[PDB]
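Before any questions on binding or motion, here is one chain by itself as structure tokens, the form deposited in one PDB entry.
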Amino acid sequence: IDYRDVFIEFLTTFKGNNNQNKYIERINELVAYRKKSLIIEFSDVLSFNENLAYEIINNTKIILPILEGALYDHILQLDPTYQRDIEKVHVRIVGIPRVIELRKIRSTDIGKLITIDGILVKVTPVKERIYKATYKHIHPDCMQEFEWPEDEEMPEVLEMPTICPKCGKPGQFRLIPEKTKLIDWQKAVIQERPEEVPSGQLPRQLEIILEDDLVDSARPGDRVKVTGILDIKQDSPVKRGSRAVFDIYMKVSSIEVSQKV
């Protein structure tokens, strides 16, 4: 099953409510204004091809990078000069049928693409962090180079590399010039909407991470629907077998805002 092909067929052939190619126009804007995210409505995908739609929301980790590669490929065929300005693109899914109430989150929701509908309580100022860099462990027994961070995600905290992935020991790490990339990042807290908070109880809260072009997408007081993979965050618990109570967070993949006046 080649989901790459059906995705491109979807973008180029899907007809909207007015019999217009909704996603051809969204892609042209993206190209014309050098934006790097394409917003896709889940229901549009469902109507076009259900297998694709369910692949997107149930096999997200694996499928999304494949769709993003296909989109980038498609954009470069429309305008080869796009790669001068933008090196990678995001596919951001909105309106998925897995809206979960904060109060009802369960252990099986971890690792899934979910939506939380709540109120943004606070937001940190935008910071740049190292997205990818190469370091050398300056130590007689090692002197090896490694990429850092290992994966492509920063759970709530920003840092420099403290323990070496090659030899497992700390020490001095030299940044290798001209191999560093940066990304914008901020942390925010989303809170239960007042109508969901039972009388006599405090609102539940969730930490979220907004990266790249999702930074400054909303301000305190706004009502927001954030879609992302719910994940656990190792806040140095005594061991691994400590059941995580509040040590969850969401890396946001899409956001819809109802703006507070």
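For clarity, a rigid core is taken as the largest C-alpha set superposing within 1.5 Å between two forms. Numbers for residues come from their place in the sequence shown, where the first is 1.
A.B. asks: Averaging the C-alpha B factors as listed in the entry, name the stretch that ends up higher: 70 to 78 or 149 to 157.
C.D. replies: 149 to 157 has the higher mean C-alpha B-factor.
A.B. asks: Comparing average C-alpha B factors as deposited, tell me which of 229 to 237 and 53 to 61 sits higher.
C.D. replies: Of 53 to 61 and 229 to 237, the stretch with the higher C-alpha B-factor average is 229 to 237.
A.B. asks: Check the PDB entry and point out which of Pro140, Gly111, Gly118, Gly95 has the largest C-alpha temperature factor.
C.D. replies: So the option with the highest C-alpha B-factor is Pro140.
A.B. asks: If you check the C-alpha B-factor for each of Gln172, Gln191, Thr124, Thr134 in the entry, which is highest?
C.D. replies: The C-alpha B-factor peaks, among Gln172, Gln191, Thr124, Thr134, at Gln172.
A.B. asks: Lowest, middle or highest third: which one holds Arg84 when the chain's residues are ordered by CA B-factor from the entry?
C.D. replies: It belongs to the middle third of the chain when residues are ordered by C-alpha B-factor.
A.B. asks: How does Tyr23 rank on Cα B-factor within its chain, lowest, middle or highest third?
C.D. replies: Answer is middle: the recorded C-alpha B-factor places it there.
A.B. asks: Determine, from the deposited record, the chain-internal third of the Cα B-factor for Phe246: lowest, middle or highest.
C.D. replies: According to the entry, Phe246 has a C-alpha B-factor in the chain's highest third.
A.B. asks: Sorting the chain's CA B-factors, does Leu182 end up in the lowest, middle or highest third?
C.D. replies: Lowest third - that is where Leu182 ends up once the chain's C-alpha B-factors are sorted.
A.B. asks: Based on the entry's values, in what third of the chain does the Cα temperature factor of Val91 lie: lowest, middle or highest?
C.D. replies: For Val91, whose C-alpha B-factor we compare with every modelled residue in the chain, the answer is the lowest third.
Only in words, not in the display: the form deposited in another entry, which the text now covers.
A.B. asks: Please name the single residue among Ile114, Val94, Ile130, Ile105 whose Cα shifts by at least 2 Å between this form and the one not shown after core superposition.
C.D. replies: Just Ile130.
A.B. asks: Rigid core fitted, is the C-alpha displacement of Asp79 between this form and the one not shown 2 Å or more?
C.D. replies: The answer is no, as the C-alpha of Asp79 shifts between this form and the one not shown by less than 2 Å after core alignment.
A.B. asks: Is the shift of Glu50 between this form and the one not shown large enough to count as movement, that is, does its C-alpha move by 2 Å or more after the core is superposed?
C.D. replies: No, because once the rigid core is superposed, the C-alpha of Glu50 moves less than 2 Å between this form and the one not shown.
A.B. asks: Does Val189 shift between this form and the one not shown by 2 angstroms or more at the C-alpha, the core having been superposed?
C.D. replies: The answer is no, as the C-alpha of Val189 shifts between this form and the one not shown by less than 2 Å after core alignment.
A.B. asks: What happens to the Cα distance from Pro237 to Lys61 in the other form: does it get closer or farther than here, with a change of 3 angstroms or more?
C.D. replies: Closer together, by at least 3 Å.
A.B. asks: Please say whether the CA atoms of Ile62 and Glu156 come closer or move farther apart in the other form, knowing the change relative to this form is 3 Å or more.
C.D. replies: Closer together, by at least 3 Å.
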